[PDB]
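Residue numbers (the authors' numbering), protein chains in the order written: chain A5, 2 to 35, 46 to 67, 72 to 262, 269 to 330; chain BE, 203 to 470; chain 3E, 359 to 409; chain 3G, 5 to 125; chain 5C, 102 to 152; chain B8, 180 to 183, 205 to 328, 336 to 594; chain AG, 849 to 896; chain AE, 2 to 432. We put the beta carbon where it would ideally sit given N, CA and C, even for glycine.
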Amino acid sequence: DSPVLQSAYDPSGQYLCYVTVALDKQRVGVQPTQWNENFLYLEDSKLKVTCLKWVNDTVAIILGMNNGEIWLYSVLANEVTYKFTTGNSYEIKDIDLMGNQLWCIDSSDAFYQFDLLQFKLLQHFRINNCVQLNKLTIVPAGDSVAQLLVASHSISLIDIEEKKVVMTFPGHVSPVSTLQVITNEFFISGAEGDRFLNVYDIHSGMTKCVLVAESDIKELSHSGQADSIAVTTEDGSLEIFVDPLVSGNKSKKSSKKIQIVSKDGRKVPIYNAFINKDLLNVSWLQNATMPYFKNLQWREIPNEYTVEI
Amino acid sequence: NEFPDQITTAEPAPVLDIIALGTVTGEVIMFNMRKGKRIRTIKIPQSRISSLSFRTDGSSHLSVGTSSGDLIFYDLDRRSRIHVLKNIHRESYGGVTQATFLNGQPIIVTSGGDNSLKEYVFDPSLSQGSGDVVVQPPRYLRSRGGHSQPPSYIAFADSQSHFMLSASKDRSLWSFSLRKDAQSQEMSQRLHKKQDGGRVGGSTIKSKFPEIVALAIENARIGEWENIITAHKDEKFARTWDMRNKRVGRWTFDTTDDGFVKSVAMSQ
Amino acid sequence: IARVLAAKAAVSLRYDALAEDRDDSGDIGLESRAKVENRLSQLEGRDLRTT
Amino acid sequence: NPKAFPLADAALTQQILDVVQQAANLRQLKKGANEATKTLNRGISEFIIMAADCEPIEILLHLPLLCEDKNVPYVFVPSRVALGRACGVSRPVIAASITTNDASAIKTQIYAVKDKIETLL
Amino acid sequence: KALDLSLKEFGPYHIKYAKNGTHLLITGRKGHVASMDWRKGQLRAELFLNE
Amino acid sequence: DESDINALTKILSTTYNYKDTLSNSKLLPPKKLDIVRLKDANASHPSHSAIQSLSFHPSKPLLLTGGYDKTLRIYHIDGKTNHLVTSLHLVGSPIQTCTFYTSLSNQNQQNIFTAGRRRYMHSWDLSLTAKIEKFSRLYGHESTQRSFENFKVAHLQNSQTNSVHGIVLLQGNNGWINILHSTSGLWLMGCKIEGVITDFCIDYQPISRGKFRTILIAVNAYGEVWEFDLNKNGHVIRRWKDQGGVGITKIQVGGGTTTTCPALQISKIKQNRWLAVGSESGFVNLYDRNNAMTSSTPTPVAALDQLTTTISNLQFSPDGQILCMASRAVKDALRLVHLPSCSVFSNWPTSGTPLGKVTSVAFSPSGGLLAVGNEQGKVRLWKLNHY
Amino acid sequence: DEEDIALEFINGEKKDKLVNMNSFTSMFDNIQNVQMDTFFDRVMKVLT
Amino acid sequence: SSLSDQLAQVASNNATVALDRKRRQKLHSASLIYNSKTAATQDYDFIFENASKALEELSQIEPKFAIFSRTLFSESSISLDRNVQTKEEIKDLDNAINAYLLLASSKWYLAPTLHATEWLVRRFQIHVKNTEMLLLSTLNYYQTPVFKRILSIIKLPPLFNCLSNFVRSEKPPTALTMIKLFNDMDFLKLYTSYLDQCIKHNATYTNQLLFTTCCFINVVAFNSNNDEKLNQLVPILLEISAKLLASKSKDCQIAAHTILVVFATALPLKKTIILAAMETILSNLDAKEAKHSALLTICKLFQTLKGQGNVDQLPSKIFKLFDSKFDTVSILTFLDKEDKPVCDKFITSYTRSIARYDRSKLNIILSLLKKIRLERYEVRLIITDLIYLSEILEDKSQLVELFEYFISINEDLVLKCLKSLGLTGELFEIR
């Protein structure tokens, strides 16, 4: 099992920002993905982070913590720049930005808007029929701050100016874990504990395809045009679906399977890969905490691949 | 007049035209509609008052149900606290939502949002002469209860279609009835002692089990030995229970291969 | 109490039989009396009838 | 402590407290002042060690008189809590007699200690 | 003295005081027969039956 | 009845919790510990002998483990899991005691000092195969080291220039304790007491800003101890007798800084308050050192006798609040005492805890982790909720 | 420096004297016919 | 439900009536002086006339009994029956017996009081029906043949049910079973209602206050390591510590002081209830022993504070009250006594508040800081407030006197405090 609690790749695959535990603190860190180690701890065990996301004009991380704050934290400088807050001490479960517009859900069902250029709160609101929340995503249609997608155990496409639910998809039997928009209309979703990804149209509510993998998933990464989606599975393998929006008619099996076996016969796990156009950034824990990488050529390797180290 | 904070709950008192109001902060204010005034106020600070009720058996008690999970009985003939009651319903699902007396009767009925419903009887007083100043704490009584989260697995215990087993998602196993709901009871996770003469396995502190994925059930030799078995979330073994004694059986079975258990079944 | 008072009688007795500088005021005498007395009280204060 | 006649030195105190530790290991001693005088009267004691740390010293120095009558060796040690922790009892004892068993496993160190005690009178 | 010996698990009761006003004898239609003092709490013969 | 010296009655009617339960205490609540288990620290990689020594890195999250199976592992430890980082294996030689060492000046040395029952100790350097050195040369005094079976590691500022360097300190055979040089390996001096050296511990005390003199305290096997400073040459500056105590077996000082929690800045040194000498009859005397300064025959502030058999390992909390007694003889033989009020913690070490035949115990420097290594070849890891 | 301030705060804390089961069963012998101030400083003697 | 239960109800409801000669002799041989074979032949006028002599002796030693010789010990009271009248009259006679018993609870070392109260034991049947006022009015004399006689005569009410193995047994019950009787809180509420009725009638005396104090400190000692039971047991002992402090006698005053100090050392209370208990024990200080006892409880009760605020400023509305009831003088003499009880945290909060709220008598803070020993974070905190004081007002000579004292001892601490705030050159330029 992983001692990396949670990790996030930067866009265009250069730096992995990962938070692990180190004697009831939270060793956060940034690692280049071609030696960066002097990165911070927070104070005590009751201040652990809950979500994190990149922002690419400087480059920085946002850490949605559990005490009730968001921490805008630089990377070149080591200190935290700003501490966004709500008025409540409730646990932020997910954060997502779009340009300047930031949006964080709570654990007490609220929604908060923010902006990382004005550094203040905008709207502080809840809605009915969303009784838990653990994912949200602002949709890409340019500067479309409207029509965001919240997700917990069923997915609710909700407006920001009509301010109510406009469509409701069936989710899973578990709380959702991965929800990401891959086109201007399609979004992939998948809970934890189950091996089933389902992609949804945003305008019809019809489950177009179901992707399957040989295990339950941990994190997905799609390309820039939704033609390759690589998930990392809980048994430490990498499953890449090539061209997942064509027509083996309703439920696509996994195409590429990369797992990493060292030259003594010991399987090492893979967490949080990243696939842009024709590369693959496989990451794995060599020692107990310090991760290593590999830039694998993606489209030319065979259907299965035991990477030796 | 304009009240300083949001009066979130109310109930009409059995004395003539006074109404009890509970604020968002901890103040019970007793408004008097005839005089247009307030009569008294009592404070339960840094706590959210969620329900009010009044005892109507001749004696005068008040019952605040505060949404931190707590339930207090005030006595208005002495402005005192008879007894508190800590964590009837859990705070996360809302705490005590509605907790009423019954008209003339010294029993209260409490229900939260975590699928519990209990009733609590006041004893008659223990000192024969003084009486109404030594009031016993309220005893537990009949209760009904679900398990606050949607169930993960469903089984039917007997061939009679009488009792079902629900494996929940709050890491709890319950036996529910189908005829009339008097016997909905949790199977207690007090592990039996290992038969070697030595102490038990597992946690000494009563934390509940892992999440319960898949179970299996038959009625072939009930009561003579362990009846049902189950398999938990990412747990290296699969453990049994007993349908008759309604608790965990002795022997867990390891899978002896260092893997998670996913599919249990039993011979008929 | 006969055993504990015999033991304290042995203490006091051999002290004031073997010392050659005492002031004959009975100091460890009434000290041992106080110790025997609260020993007696804290052993009679038990009640072997289950209350 | 002027009436405390012979009390041992540092090294002799250490070696007799290690031999009384081994005596308590092998269960070959009787501890306490009244038990010491009992075993002295019935005449089994190899030697007597006594602690010159109690608020009367006359609680123990009555057994020197019959100890001199019966020619047994006897020696003082400056710490009764040391006697307790070396004899294996959670209370501070005063005196300890070592009983006689020629079929022991510590006979030779007991006898060497006995000579080192009877040499200083 | 103004008693109420309210019993519900046996049927519609029936009274007979003694010749002097001391003892009481009650009878349920289900099976209950109780002969008892009533100014003193001295239940001296209770008997259930099944007829 | 109404239409509306009474102070505490009115506020009894106001509130209904009656302890300052929160983080506004900064002290351990006596006679009631608050402690949770964690995952087994030896789960990702099994051991094979008795865990003879545990330690922590004084800044990094590394728990170092070594035993009689002639290997030494170093885990990276946290709550849900813990993994192995490296695991060096020395053939031929067991390791009776092995410990971290970071230099005080540069904080970029990270040596491991591992010694067994043989004559050599091994020095590992850590900067991320890997090399080691074999300290095996007593210079002038070879007939005074039967073995390197017990050692300690301590800093020293050299008192005419501030060249702070480390020192290992060895148990002798007659009455000796040699010190050495941690980096080079020169002899520096050897002090000596009479009887048998049984154990010893290292005090520090500051003198001015950025300047400190260390003190080696060493016990007899009888109970009179010698404390001599060694920032000058090692001659005795005080010698005092334990009030009682005969067969004493371990001594540990601390409360300030010591081997289980050193500093990294030089001026973060601190004079150790509590001292704890523990016998073989189960008894533990503990003194303060603000009334036992020049008394030359001080009184025990506490005389615990709570555990029965012969004690081996007694450690402190890194801020000096919780002593840990641990006797390596019988099963389930560890206790924790609340040190300022010298009470004994009642609720935790109960029979529903799988301590086993405890043979090493070690505190974390800042997380409040508590590692206990037993004889069966594992180490369990509790966490104290207060720290 | 703040860690040194907090560690000095928790070092500067003297030995309290607790209460336990039979801490005051000795009062029931000299309970009878004693002035209240003598009982009070006797209790303060048992505490301190 | 159970007919046997519904009949035992009327049995205990009509125990105080005689319906044959055997029950009459069983209800009449219960007497407080004589045994059965003599008390079973006593006509009522005999015990009435010797009890009238007993009441006259008690009246000429105590002047509040002529009202009873008028009313309840009258000549017609030998023909007044108990259970033939109406319930309003039985309630009036009930609290008449209650008034008599808690008036004559302090006289039970006297044969006149025994022979006086024997009459209404024999006639008004208070050995059966007004039972608990008798029991917990004469509970304090538990090592006495009069209490063994009371306990053999009476039947036990269900609260006192752990005395029931001392009926017909010639050993008097023990201190440990008295504490086991005081342990369960549903006896404790009843005893506290008795105690505050006795307070408001103002009959509190130095034997039953002693007994109540020793029972409360042993109950607290029994629950010393039971956090839940102590948390449930605070608002009984504390609430009647309050309405015992609201009285006037020095005995009950320092008895409340004793239960307060033992409860504060039993568990660490909250800072606000320590402050309010200090205001309560300080707003009603009258006598001489009350001063010394209140000072000792303030010092110890304020010392037991392990957490921040423990050396903070005590507020003004209680600080000027402390300055009123206690002078700054004789605080010096309590400090100058030899045994020196531990008072460091209260002395520190006293110094911080005399620095921040009076700022005109600093020779006093110099003197008491010179004559007490002090701990290091406390002296750092008071010199931090002293630097705040020295930069809010002008540097007078007594201010620089105690500052040069704080220079002459602990140079490193005052320099570290000034390194936290500025520079010693600017400080010396100020002074």
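Item                                                                                                                                                                                                  : Value
Exposed or buried, what is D460 (chain BE) when buried is set at 16 or more other beta-carbons lying within 10 Å of its beta-carbon?                                                                  : exposed
Cα-Cα, which of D278 (chain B8), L345 (chain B8), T368 (chain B8), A241 (chain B8) is closest to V375 (chain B8)?                                                                                     : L345 (chain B8)
Ignore the nearest five residues each way along the sequence and tell me which others in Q459 (chain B8)'s own chain have a CB closer than 7 angstroms to its CB.                                     : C408, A483, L521, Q522, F523
For my contact list, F80 (chain 3G) and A37 (chain 3G) are in at a C-beta cut-off of 8 angstroms; report their separation, rounded to the angstrom.                                                   : Actually they do not touch by this definition, with Cβ atoms about 13 angstroms apart.
On the DSSP letters alone, give me the boundaries of the beta strand (DSSP E) that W376 (chain BE) sits inside.                                                                                       : 375-379
What are the boundary residues of the alpha helix (DSSP H) that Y355 (chain BE) is part of?                                                                                                           : Premise fails: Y355 (chain BE) lies in the beta strand (DSSP E), 355-358, not in any alpha helix (DSSP H).
Taking the straight line between their C-alpha atoms, what separation do you get for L393 (chain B8) and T297 (chain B8)?                                                                             : 21 angstroms
For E356 (chain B8), does the three-state DSSP call read helix, strand or coil?                                                                                                                       : coil
Is it buried or exposed for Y101 (chain AE), if we count other Cβ within 10 angstroms and need 16 for buried?                                                                                         : buried
Distance check for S122 (chain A5) and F99 (chain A5), CA to CA, integer angstroms please.                                                                                                            : 17 angstroms
Would a check of beta-carbon distances place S332 (chain BE) closer than 8 angstroms to chain AE?                                                                                                     : yes
Taking its Cβ as the centre, do 16 or more other Cβ atoms sit within 10 Å of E405 (chain AE), making it buried, or is it exposed?                                                                     : exposed
Which bits of chain 3G does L388 (chain 3E) rub up against, with CB to CB less than 8 angstroms?                                                                                                      : Within 8 angstroms Cβ-Cβ: nothing; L388 (chain 3E) doesn't reach chain 3G, min ~14 angstroms.
What residue does the beta strand (DSSP E) around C224 (chain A5) start on, and which one ends it?                                                                                                    : 222-227
Quick check: the segment 289-299 of chain AE against the segment 253-270 of chain AE, are there 3 or more CB pairs under 8 angstroms?                                                                 : yes
Beta-carbon separation of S287 (chain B8) and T271 (chain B8) under 8 angstroms?                                                                                                                      : yes
What number of angstroms, rounded off, separates the C-alpha of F429 (chain AE) from the C-alpha of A569 (chain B8)?                                                                                  : 49 angstroms
Measure the beta-carbon distance from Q352 (chain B8) to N381 (chain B8) and round it to whole angstroms, keeping in mind my assumption that it falls under 8 angstroms.                              : No, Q352 (chain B8) and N381 (chain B8) are not in contact; Cβ-Cβ is about 11 angstroms, not under 8 angstroms.
List the DSSP bridge partners of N581 (chain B8).                                                                                                                                                     : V565 (chain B8)
Could you name the residues of the same chain whose beta carbon sits closer than 6 angstroms to that of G463 (chain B8), not counting the 5 residues immediately before and after it, in chain order? : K477, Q478, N479
Let me confirm a value: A86 (chain 3G) is counted as buried when at least 16 other C-beta atoms fall within 10 Å, else exposed. Which label applies?                                                  : buried
For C119 (chain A5), does the three-state DSSP call read helix, strand or coil?                                                                                                                       : strand
Do we get a CB-CB distance below 8 angstroms when we pair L401 (chain 3E) with the residues of chain 3G?                                                                                              : no
Is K190 (chain AE) close to chain BE? Criterion is C-beta to C-beta, closer than 8 angstroms.                                                                                                         : yes
Which of helix, strand or coil does DSSP assign to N520 (chain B8)?                                                                                                                                   : strand
Flag this pair as touching only if the segment 235-253 of chain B8 and the segment 264-278 of chain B8 have three or more C-beta atom pairs under 8 angstroms; answer yes or no.                      : yes
Helix, strand or coil, according to DSSP, for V221 (chain AE) in the structure here?                                                                                                                  : helix
Helix, strand or coil, according to DSSP, for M54 (chain 3G) in the structure here?                                                                                                                   : strand
Residues in its own chain within less than 8 angstroms of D138 (chain 5C) by CB, not counting five upstream and five downstream?                                                                      : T123, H124, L125, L144, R145
Does any residue of chain 3G bring its CB to less than 8 angstroms from the CB of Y429 (chain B8)?                                                                                                    : yes
Is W86 (chain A5) buried or exposed, if buried means 16 or more other CB atoms sit within 10 Å of its CB?                                                                                             : buried
With C-beta atoms as the reference, is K277 (chain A5) less than 8 angstroms away from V257 (chain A5)?                                                                                               : yes
Relative to the C-alpha of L423 (chain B8), which candidate in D240 (chain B8), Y429 (chain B8), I444 (chain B8) has its C-alpha closest?                                                             : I444 (chain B8)
Quick check on the DSSP output: the beta strand (DSSP E) that includes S270 (chain BE) runs from which residue to which?                                                                              : Here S270 (chain BE) belongs to no beta strand (DSSP E), and DSSP marks it neither H nor E.
Would you verify that the beta carbon of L125 (chain 3G) is, or is not, closer than 8 angstroms to some beta carbon of chain 3E?                                                                      : no
How big is the Cα-Cα spacing for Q330 (chain BE) and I91 (chain AE)?                                                                                                                                  : 14 angstroms
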